[PDB]
There are 2 protein chains.
Amino acid sequence: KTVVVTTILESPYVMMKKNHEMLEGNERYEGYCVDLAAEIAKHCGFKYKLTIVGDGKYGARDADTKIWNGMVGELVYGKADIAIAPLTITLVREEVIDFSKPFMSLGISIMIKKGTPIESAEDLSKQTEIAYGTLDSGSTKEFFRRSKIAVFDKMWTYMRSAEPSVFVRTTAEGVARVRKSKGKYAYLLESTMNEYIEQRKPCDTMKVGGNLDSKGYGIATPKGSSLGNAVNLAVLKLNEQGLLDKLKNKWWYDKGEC
Amino acid sequence: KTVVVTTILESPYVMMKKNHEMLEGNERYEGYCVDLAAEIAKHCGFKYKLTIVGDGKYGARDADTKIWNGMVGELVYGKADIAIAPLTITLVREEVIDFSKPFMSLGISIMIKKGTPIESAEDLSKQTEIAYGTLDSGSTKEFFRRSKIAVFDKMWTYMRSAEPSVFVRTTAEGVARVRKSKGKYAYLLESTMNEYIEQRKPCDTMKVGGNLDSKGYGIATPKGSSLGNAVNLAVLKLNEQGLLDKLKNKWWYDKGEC
Ligand SMILES: N[C@@H](Cn1cc(Cl)c(=O)[nH]c1=O)C(=O)O
Ligand SMILES: N[C@@H](Cn1cc(Cl)c(=O)[nH]c1=O)C(=O)O
Ligand SMILES: [Zn+2]
Ligand SMILES: [Zn+2]
Ligand SMILES: [Zn+2]
Ligand SMILES: [Zn+2]
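Calculation rules
- Residues numbered from 1 in each chain as written, not as in the entry; some residues may be left out.
- Chains lettered and ligands numbered in written order.
- Heavy atoms only, no water.
- Residues with missing side-chain atoms left out of burial classes, pairs and counts.
- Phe/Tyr/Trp six-rings, centres within 6.5 Å; stacked < 30°, edge-to-face > 60°.
- Buried < 20%, exposed > 50% of the residue type's maximum accessible area, 1.4 Å probe, protein only.
- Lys NZ or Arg CZ within 6 Å of the ring centre and 35° of its normal.
- Helix = DSSP H or I, 4+ residues; strand = E, 2+ residues; numbered from the N terminus.
- Pairing = 2+ DSSP bridges.
- Axes fitted to C-alpha atoms, helices over the stretch in contact; angles between N-to-C directions.
- Parallel < 35°, antiparallel > 145°, perpendicular 65-115°, else oblique.
- Left-handed = near helix turned anticlockwise from the far one by under 90°.
- Contact = heavy atoms within 4.5 Å.
- Nonpolar A, V, L, I, M, F, W, Y, C, P; charged D, E, K, R; others polar.
- Least-squares fit on C-alpha atoms.

Novice: Account for the packing of aromatic side chains, naming residues and giving values.
Specialist: Summed over all chains, the structure comprises 28 aromatic pairs over all chains. Each ring, one from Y185 of chain A and one from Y187 of chain A, has its centre 6.4 Å from the other, and the planes form 25°; the classification is stacked. Residue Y187 of chain A is classed as buried on the basis of its relative accessible area of 1%. For the cation-ring pair, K141 of chain A lies above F167 of chain A, with the distance from its terminal atom to the ring centre recorded as 4.3 Å. Sitting over the ring of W251 of chain B, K255 of chain B keeps its end group 4.0 Å from the ring centre.

Set out below in structure tokens:
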């Protein structure tokens, strides 16, 4: 009966509330996806439990074991009924789980420390002084691994071989590396995250250039789940009624510190 | 056997070729959706025939008879197997037909004659010297009919009762109205169309302000069509390989005349 929702701690989508140790169950968390889950649940008429994905991963299939990890894995192996998270709709995932129409649009983007002489991916690919990398697992790293586009292939060829690693375990790690590297590390990350961090103190980062690609986040369910239809219709209704635009403003810009 | 594709003449998605009269079948047409249809068919392995929707409409349900018209109607009543067009994914349509994930993002936007003293929807709403309207049927009109947002509800109240009608039968008529009205008509239209027209001679229009909403176009099939799965996967593959971005550049900006 109670729907198990898998999600991931990624600001400002899902965050621990300041007083979380005093709170129980779903009340421990806040953020864009916490708000969205409550609306999806109200509109589809189900009770739910938010659970943070155990391995802290979005979802990839291991080439060796062929096992899926992360939120995708939780759906594929029946540990969760729905994923409500900044989970990128991709072909390889759509083969194993179902996605709603997108609730947010985004693209891969460049984050620099202010004053870094970089305006584009082409700029990054033509030089070697400034290192650059991505989140170590996820759709951004896979975009680069798989790209046949010359500039992105060049960038991947550099990143896959760079030592020490240019890849990071978490967005927070990537942002800290930008901030601490004196302009010598740029971070490739999803544009929505880039925009959020740009509005956070110490206000020393910025998004530069256009997005490298265009894609979306969707709500995911196990392939063939009965919940999928209602969830998809709910996403469409909430977009049409302006809920999604309101939530982005609430969590990105209303609180902006810059 | 051969898949019947319904589409609509709307630039630069589907246009007749300059020499279209010396050509037959699918060869009469060119454009973003013509190229897209070719790629979808190649990846899904079907042969197809492009047909222009008989009533020239996108699709809406008659409130009295409950009959669907336009491309949506062609799918609903089994006259076509798939619609490959700038067809907006909406809740009411998703209830009666299936949509792929979106192949293009867009939002409602404002087109003005250059020099018109308007920067936003709010500006249009606060004045009466400059008239404004939308395509007389389709998702844009419906956005205003249904909007609870104050500025948009205000705009709708004006538009529904304006005389003579501020509504137009085709985009071409809307653009012509802007161009001939000496700044006294502004046109509300999908951002993709607005961006295309801004780059065509006589180069006398521009898009102003941000988009009023965010949505997507999707490839549509009849509810429960087997074709639906393959087509959806095909759209995701085409996006991931950069083909959709290549097509947008080809049809909007490579050709730019301004
Ligand atoms: N959304 C991605 C995960 N993800 C997240 C961020 Cl913030 C990023 O910059 N890159 C990613 O791959 C996915 O679903 O794999
Ligand atoms: N895409 C829409 C139709 N459509 C098209 C244009 Cl160009 C517009 O400005 N407004 C619309 O409603 C639909 O699917 O109804
Ligand atoms: Zn804590
Ligand atoms: Zn609600
Ligand atoms: Zn002719
Ligand atoms: Zn292809």
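Novice: Please set out the pairing of strand β1 (residues 3-7) of chain B residue by residue, giving values where relevant.
Specialist: All names here are of chain B. Across the 5 residues of β1, 5 count as buried, placing the element largely inside the fold. By the alternation rule, side chains of β1 split into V3, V5 and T7 and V4 and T6, which are all buried. Summarising the sheet, β1 and strand β4 (residues 48-52) pair through 5 bridges and their orientation is parallel. Looking at β4, one finds that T6 is bridged to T51.

Novice: Account for the packing of helix α1 (residues 32-44) of chain B against helix α9 (residues 227-240) of chain B, naming residues and giving values.
Specialist: All names here are of chain B. For the pair α1 and α9, interaxial distance at closest approach is 9 Å and the crossing angle is 115°. When the axis of α1 is compared with that of α9, the two are roughly perpendicular. Here α1 runs over α9; the crossing is right-handed. On α9, the residues that touch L36, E39, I40, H43 and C44 of α1 are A230, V231, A234, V235, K237 and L238. Tallied by class, the residues present in the contact of α1 with α9 amount to 8 nonpolar, 1 polar and 2 charged.

Novice: Report on the environment of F103 of chain B, specifying residues and quantitative values.
Specialist: Residue and element names in this part refer to chain B. As for its placement among the helices and strands, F103 is situated in the loop between β6 (97-99) and β7 (104-106). A relative accessible area of 6% places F103 in the buried class. Sequence-wise, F103 and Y217 are 114 residues apart; in three dimensions their C-alpha atoms are separated by 6.0 Å. Excluding residues that lie within four positions of it along the chain, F103 makes contacts with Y32, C33, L36, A85, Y217, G218, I219, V235 and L244.

Novice: With reference to specific residues and values, describe the relation of the copies chain B and chain A.
Specialist: Rotating chain B by 180° and translating it 0.1 Å along the rotation axis places it on chain A, where the RMSD comes to 0.3 Å. The transformation relating the two chain copies, once decomposed into turn and shift, fits a two-fold axis. Taking C-alpha positions as the reference, the residue of chain B nearest the rotation axis is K101 of chain B, at 3.1 Å. Counting the interface residues of chain B, we find that 89% of their copies in chain A are interface residues as well, pointing to one common contact surface.

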